[PDB]
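Have a look at the structure below before the remarks.
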Amino acid sequence: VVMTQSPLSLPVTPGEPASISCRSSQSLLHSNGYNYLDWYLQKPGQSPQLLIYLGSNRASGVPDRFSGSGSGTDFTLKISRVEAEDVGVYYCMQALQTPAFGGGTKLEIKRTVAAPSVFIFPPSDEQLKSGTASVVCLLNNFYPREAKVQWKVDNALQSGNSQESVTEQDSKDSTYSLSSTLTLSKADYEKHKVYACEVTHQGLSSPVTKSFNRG
Amino acid sequence: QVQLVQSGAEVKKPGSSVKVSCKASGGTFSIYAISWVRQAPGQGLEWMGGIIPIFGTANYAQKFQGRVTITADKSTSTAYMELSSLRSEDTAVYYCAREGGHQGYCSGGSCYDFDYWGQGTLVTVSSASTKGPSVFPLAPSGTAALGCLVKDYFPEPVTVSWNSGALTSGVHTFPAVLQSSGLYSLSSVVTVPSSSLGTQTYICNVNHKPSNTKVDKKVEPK
Amino acid sequence: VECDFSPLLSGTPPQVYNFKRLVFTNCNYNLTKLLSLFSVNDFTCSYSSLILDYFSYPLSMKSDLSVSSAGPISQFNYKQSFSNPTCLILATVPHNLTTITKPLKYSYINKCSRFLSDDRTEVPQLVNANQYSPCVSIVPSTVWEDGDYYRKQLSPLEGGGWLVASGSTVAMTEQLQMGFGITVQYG
Ligand SMILES: *[C@@H]1O[C@H](CO)[C@@H](O)[C@H](O)[C@H]1NC(C)=O
């Protein structure tokens, strides 16, 4: 049994309704008359929690705003008026024989486009004495989450030697922050001069570049 | 109602076996179905198997058949999940979950309306040894940004604080990333008034409980 | 006067754990005459009154329908007296016997236990001769799915704790297959 959940992510303006869909490769309607489909929410940093069970039964203490519907292969979770508390990843789960979860839908708060403030940080001389150089490019407080950060040393693209990480959505301004970290050996770092990260984002008219020369 | 308390985090060498517990409180333990569900970092939920203690009958997902053993002990109201031949892909948070208990009957032998969840158990499969982080400054260049690079620690987690908790506004501590060396790394940054850089002291407090080390690191312009 | 078998020639015969019992006294009856309406597959045998139990039962479980078996049928579903002459007959409904109707499937009880209010002691509920399983109050007349788990919390008056049962199913055959349990009391 394959569960196809859509969409992958769902920006919702607060107060507006939201709908999540789950399609199963085979009917979930049991001969006992119930559809074996549950909906779960996992808020950031928390254990999952039950919202809907057996297709349309609201779990204890779940607000009237959540409702499940559907029969057979197509199922829908509806939230009448989305609230900040509702952010997280929603999962459907079929239970017709052996349970299986859908891929998840990340619900986030929709807000106006905000450009990121970009900062670049050279590696400290302290780190250099250990044999490794880390360069940090910071993208601060932006929306939407989608952004692209490319590293160029002496105007040559770097690939395979950087990792990035993103914060969870801020519950006050609905923005994201991102860091990208380029790692080079000491010998490789001291073989070049110009270090730059190039930031592409929806809120920026052209790619923004922050750079420094080693020295 | 029902409470599910799991055993604590573990670090396991590749190839070994882990056993996680889940102690249940409230209701007749032997009567209700318990499942185990895992979540690899950044990934979705994945059902592993379950058991109804009074039957002693455990079932498993085909993916975990032959590697996972789920048992239950009615004398302590505890369920166990044992997973053998650990690989790095088995690094995950493991959850126990129990049916809500109000379905009239359990179709096919088992109920799966997971109304109750444990707090999760992080299992880290790795060859790495416990190791505290190196803390390197991110020196600042209206508003200025500065930070600390908390690099090459194992295992998770680390907590970071600024000026012993006195500075919280504008702080971003990023989720750790697993480096190819097998060691974790994260950065913590904060935005501050550019004028106060010559008078205000900014100190990074980094705590790594697995290595029992808490260190302080001053961050200042170069 | 002739004993009337008409109750069993019309309708859907119950599953083994709900065996229907007919009791005959003060009438003549020829068992072979009754069996001439069926296609008999097997019989095993070990007046004041004739007791005739009947039920749907699949021929593929004939080894379970035995006084000897430590299987779930004799443990939890149906058991005859060991002190009276008894017979067990497995037969198929022929196509020209149109008034016996088929259930959706064959069902039987695979486990029936009490769980006492000490929250520790499980007690298998072995069926007695001439009695129904205590679990017929929680197992439906047809089991919904193989492996179903039925349960009920009992009252203080009922002894506390829980009653639990597990159900099994066997696919329906093209012609309905039936079991007959016969016990005679000689005077
Ligand atoms: C027809 O009915 C008789 C009973 O009168 C039975 O013995 C016989 O087996 C039946 N034959 C068929 C083909 O159903």
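Chains as they are written, first to last, in my numbering: chain A, 610 to 824; chain B, 28 to 249; chain C, 19 to 205. Don't be surprised by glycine CBs; every beta carbon is placed ideally from N, CA and C.
B:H199 and B:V187 have their C-alpha atoms some 10 Å from each other. Judged by DSSP in its simplified three-state form, C:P25 adopts helix.
Beta-bridge partners of B:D140 (DSSP): none assigned. A direct Cα-Cα distance of roughly 41 Å separates C:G178 from A:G711.
Taking the C-beta atoms as reference points, C:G205 is found no nearer than 8 Å to C:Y96. Between A:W648 and A:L686, the gap from beta carbon to beta carbon is short of 8 Å. Taking non-hydrogen atoms of ligand 1 into account, the C-beta of C:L55 is found less than 7 Å away from one of them. Setting aside the 5 residues that flank it on each side, A:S615 is surrounded in the same chain by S630, each with a C-beta closer than 6 Å to its C-beta; the list follows chain order. Annotated three-state conformation of B:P182 is coil, per DSSP. Against chain A, a Cβ distance below 8 Å from B:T118 picks out nothing, because the smallest value is about 17 Å. Not one heavy atom of ligand 1 sits closer than 7 Å to the Cβ of C:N59. Contact between C:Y72 and C:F37 is confirmed by a C-beta separation of about 7 Å, below the 8 Å threshold.
If you look at C:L52, you'll find it in the alpha helix (DSSP H) that goes 49-53. Taking C-beta separations shorter than 6 Å and ignoring five residues to either side along the sequence, the partners of B:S214 in its chain run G174, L176, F201, following chain order. Not one heavy atom of ligand 1 is found less than 7 Å from the C-beta of A:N641.
In the assembly as shown, B:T148 is a buried residue. Its beta-carbon has 16 or more other beta-carbons within 10 Å. Residues of the region 204-218 of chain B whose Cβ lies closer than 8 Å to any Cβ of chain A, in chain order: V204, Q206, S212, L213, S214, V216, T218.
C:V41 sits away from C:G197, with the two beta carbons spaced by 8 Å or more.
With a cutoff of 8 Å on beta-carbon distance, A:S733 and B:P164 are scored as near each other. Using a CB distance cut-off of 8 Å, B:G53 does not count as an interface residue toward chain C.
Between the region 109-128 of chain B and the region 681-699 of chain A, the count of Cβ pairs shorter than 8 Å is below three; the stretches do not touch.
According to the DSSP assignment, C:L68 belongs to the beta strand (DSSP E) that extends over 67-74. Under the DSSP assignment, A:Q736 falls outside any beta strand (DSSP E), being part of the alpha helix (DSSP H) whose first and last residues are 734-737. By DSSP's assignment, A:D695 forms no beta bridge with any residue. Between the region 22-31 of chain C and the region 114-128 of chain C there are three or more C-beta pairs closer than 8 Å, enough to call the two in contact. With respect to chain A, the C-beta atom of C:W180 has no partner C-beta closer than 8 Å. Not one beta carbon of chain B lies nearer than 8 Å to the beta carbon of A:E717.
Comparing C-alpha distances from A:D763 to each of A:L619, A:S726, A:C806, A:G679 shows the shortest one belongs to A:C806. In this structure, the alpha-carbon of B:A88 lies about 34 Å from that of B:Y180. In this structure, the beta-carbon distance from A:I688 to A:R667 does not fall below 8 Å. Secondary structure of C:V157 (DSSP, three-state): coil. Taken through DSSP and simplified to helix, strand or coil, B:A67 comes out as coil. Residue state for B:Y132 is assigned as strand, using DSSP reduced to three classes. The straight-line gap separating the alpha-carbon atoms of C:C130 and C:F94 is approximately 7 Å.
Against chain C, the CB of A:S640 has a partner CB under 8 Å away; the residue lies at that interface. A straight line joining the alpha-carbon of B:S238 with that of A:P708 spans about 39 Å.
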